[PDB]
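Chains as they are written, first to last, in the UniProt record's numbering: chain B, 217 to 225, 232 to 261; chain F, 213 to 353; chain H, 1063 to 1110; chain R, 72 to 88, 92 to 142; chain Y, 22 to 92, 108 to 465; chain S, 1 to 126; chain L, 366 to 409, 415 to 466; chain V, 751 to 835, 838 to 867, 886 to 899. Just so you know, even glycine gets a beta-carbon here, dropped at the ideal spot from N, CA and C. These notes concern the structure reproduced below.
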């Protein structure tokens, strides 16, 4: 006879080395791109 | 007298640390910090200096192991059963696993004290020690 | 050395005697081989 | 007052030989501090006599016996 | 012309730059594709252009496709309970009729001068109070303080899970301290009659019934009470005295029997932890506080939720019940104390004290007199006193260096006892 | 999420957790942050700690459970944050970190933040 | 959001501000620590306000803010003020 | 009694100011019988760095040695406290000398140049130990 009534109801970081690899690999693609575009 | 009394009943008060290092040592350790709590309050880098007798200028000590501080732990079983070159790395590796064990012992209720963390923690130490002693594979010319 | 640190503390203030005593342990390496020098003197040192 | 207390305490620990473990937790730092007070009190006695010994033999027991 | 744009296309920078233009440019759309793809929504410092480039890159590395392809029960049991339910019907009905008859007798006298003077005198006396003395208990803030019915002893638990008893009047040191098997104590309460028993709710999910023996420090366990999985935030006695309510976390407050030490009613219906519990003076209802900010009334004899009350935007910590029986007070981390007069039932509804600041911990009425004064204790370090009709803040009292966990007031209202974070119990005139 | 470990209290919600890990990295750049369970334990004994942050998902969790007991003694606020990997990231480490300690500098620029986060943390100890 | 009131001109008054938690802190820091209420000004004649003071009563959270915008007004009595708050059901915010 | 709460009060008070020279005087007075031998070095360092090291902290370190032992060590701390000067140091100076002896007579002119019965109070405080 008891009623069990019902209940009633971001960002991520990155380190210094990670910054380095992202920046290096980002600058390398662009630079090599300008190299082949010059050739 | 106190220290000898602790070694008898210690398997009750600190079952993990006596499982890793052994009771004759753990009794000396707990005996030093004067409890399980006060010993688990201790950072792991301060644990290796306990058995160290004293430092004096004329002692003339540089070990082949590279150990700067020889404590009650450096005489344990899990260290000196391995070759000499591995000792310096095992202290730092064992000391931590001792501390955590103590930090389990402070949290275990007095009525029921339980292991099975120290089993994994011997597995990691012994295996990782074999690995530290395993030496590189050969390289192609 | 246990005799040297004393004989040196006779002739010299202790800080220099301790330096001279501990400076001779070091570790000795030739390629593969390595040994700590407990006993003999290393005469390759300027003060030797 | 030291010996009647220490004899009663060692006789206490041999008599049972859980509730007394907190009293260990209290008594352990006290023992060490007292040992150091008395050791440092022996150095005060040997400042005139044999001064280097305090540096030579660090531990309180061996120092105390070498005194004897 | 082919080998010219083929090398240019084979190059990774151009291969990414061609993908960059075809992904749409807005904050929420860039963000939505990232959130769906499970990659980090935001990174430390980026302009939305750089975020868009992180779209392009992440699409390139994984070689994943384009955003095109990317996108109530009634449960029979326990007849033995149903007997106790009949008992609560008889008891609470008689007691209720008696209370309301008494109130009717009070409405007859009127004579506004007697009442208005009495209130003013009470307000001056409360504006007088200062602390007589503090004390020490342990090193852990003091989680619970409780006065016995005769107001001759205090009972204090703390975050250490050890409770000790004190002499109310004096406060020099204690009768005896006991260290319970349990770690962290939420609340404690005295049996309404004998003053031979306490009861303690603490973090282990176990509730201890203590036998307080004469002047002896021989406090003895009458029984242990089980069936809470989580920590228990509060425990109370049913004002009849046979039954013991308990409210904890697992969204279940349980109505229990003191004698048999049995679980009777397992109640459900809070979305989150149930932090508080209170019984009506008549023992008719029980009001329940929770972390879901929903104060929830319960008719114990009908097992039926009666009326649900949300005046709070944050967790409800303390639920105090008026000795008059037709009102209720709650308080929570929002720093507001809601007073609900259930009788009026249409519109006056809540009257909400703006209370303290920085939460509210315990709210309490005045036991004798039918209750007028409100004594509330928060983390503002202060303590407030409120009238029961004007609900105007009358006076506030600063004796504490730290925040206040717990408080009681004497039956005769001549001593205000408060523990807190400063680890000192402080007595107030 | 998984079942939040009942032994983990208080557990910061995501709105507060963003603020917490954010002040964490904001501290690390000023090297006002100590990281690790041992290196938080050092800050509690010394008494320079503002508030301790810990991972609620640490397996086993019995290794960090002394820090609540030490913080109650030193009257230091402490919270649990849901995931140890994000806590490791905010500290600037690429590998999980189950405890961190914000130290005390009153001439620091981030003081006002740390006091706000403490005022919100002390709200959850009840 | 919020409102501002007082009693006539020299009469005391109440300030209420609601919103995100970052702005409320900066406005508290405006009223209390920045602005000096005891400081004397020469009104368009000298005025000595040294007795005047500011105090915060409570701070907390709400289900909704019925304030549409922030506005300042002037009430002659203590009643029509409590009705001014009565429009927002805020009548209990004033503490006599 | 119960210096155990005194620890806590030093903490709460000490976080507010923080830099008061006195609060570090009691903080250092705590580790005498405070049974904590691990942190006393550090906090000494800390109490020196946070206080813009002050004659009162210096004095309490010197006394912290002398009370224990190593009367020669506390000479460096007390004498190092003098150079920033004020009567609280001279007593412990004359006690450390009173243990090491023979230097007392030459140091009297310094006590006059720092200034009645001061000379009398000195002989009153030499009779303490």
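Rounded to whole angstroms, the separation of the alpha carbons of residue 120/R and residue 816/V is 17 Å. CA-to-CA, the gap between residue 426/Y and residue 447/Y works out to about 22 Å. Cβ atoms of residue 291/F and residue 312/F stay farther apart than 8 Å, at about 17 Å. Per the coordinates, the alpha-carbon of residue 19/S lies some 7 Å from the alpha-carbon of residue 117/S. Residue 409/L and residue 89/S have their C-alpha atoms roughly 59 Å apart. Not a single unbroken stretch of the alpha helix (DSSP H) spanning 4 or more residues falls wholly within the UniProt repeat "WD 4" (305-344) of chain Y. If you draw a straight line from the Cα of residue 66/Y to the Cα of residue 233/B, it comes to about 10 Å. With respect to the 8 Å criterion, residue 359/Y and residue 406/Y are classified as neighbours on the basis of their beta carbons. Assigned with DSSP and collapsed to three states, residue 97/S falls in coil, not helix or strand. DSSP places residue 401/Y outside any alpha helix (DSSP H); the residue lies instead in the beta strand (DSSP E), whose first and last residues are 398-401. Straight-line measurement puts the Cα of residue 375/L at about 32 Å from the Cα of residue 158/Y.
Sequence-distant partners of residue 771/V (beyond 5 residues in either direction) whose C-beta falls short of 8 Å from its own C-beta, in its chain, are 801, 804, 806, 807.
The residue from 86/R, 92/R, 122/R, 116/R with its alpha-carbon nearest to that of residue 139/R is 116/R.
Taken atom to atom, the span from the alpha-carbon of residue 128/R to that of residue 819/V is near 12 Å. Residues of chain S whose Cβ lies closer than 7 Å to the Cβ of residue 312/F are, in chain order, 63.
Apart from the 5 residues on each side of it in sequence, residue 370/L sits with its Cβ closer than 7 Å to the Cβ of 378, 379, 443, 445, 451, 454 in its chain, given in chain order. Chain-ordered, the chain Y residues with CB closer than 9 Å to the CB of residue 465/L read 390, 428, 429. By the criterion of a C-beta distance shorter than 7 Å, residue 43/S is surrounded in its chain by 34, 49, 101, 103, once the five residues flanking it on both sides are discounted.
Taking 3 residues as the shortest admissible run, the segment 2-41 of chain S contains the following complete beta strand (DSSP E) segments, listed from N- to C-terminal end: 33-35. Listed along chain V are 752, 755, each with a C-beta nearer than 8 Å to that of residue 172/Y. Between residue 276/Y and residue 127/Y, the beta carbon gap of about 5 Å places them in contact (Cβ cut-off 8 Å). The shortest C-alpha to C-alpha distance from residue 305/Y to any of 273/Y, 337/Y, 344/Y, 219/Y is the one to 344/Y.
Here residue 56/S really is in contact with residue 4/S; their C-beta atoms are around 6 Å apart, less than 8 Å.
Relative to residue 261/F, the option among 351/F, 348/F, 280/F whose CA is nearest is 280/F.
With 16 or more other CB atoms across the displayed protein chains lying within 10 angstroms of its CB, residue 409/Y is buried.
Inclusion of residue 314/Y and residue 323/Y in the CB contact set at 8 Å is warranted, their separation being smaller than that value. The UniProt repeat "WD 5" (347-386) of chain Y is shown to contain whole beta strand (DSSP E) runs of 3 or more residues at 352-357, 363-368, 372-377, in chain order.
For the set 375/Y, 318/Y, 89/Y, 337/Y, the Cα lying nearest the Cα of residue 135/Y is the one of 318/Y.
In this structure residue 298/Y is in contact with residue 292/Y, their Cβ atoms being roughly 7 Å apart against a cut-off of 8 Å. The DSSP-derived three-state label of residue 779/V is helix.
In this chain, the alpha helix (DSSP H) harbouring residue 1072/H covers 1066-1073. Inter-residue distance for residue 85/S and residue 285/F is about 32 Å (C-alpha atoms, whole angstroms). Excluding sequence positions up to five before and after residue 1073/H, its CB lies less than 6 Å from no other CB in the same chain.
Taking a Cβ-Cβ threshold of 7 Å, the residues of chain Y close to residue 431/L are 349, 350, 370, in chain order. The count of Cβ pairs closer than 8 Å, one atom from the segment 216-225 of chain Y and one from the segment 262-271 of chain Y, reaches three, so the stretches are in contact. If you ignore the 5 residues before and after residue 378/Y, its C-beta comes within less than 8 Å of the C-beta of 333, 343, 362, 363, 364, all in its own chain and listed in chain order.
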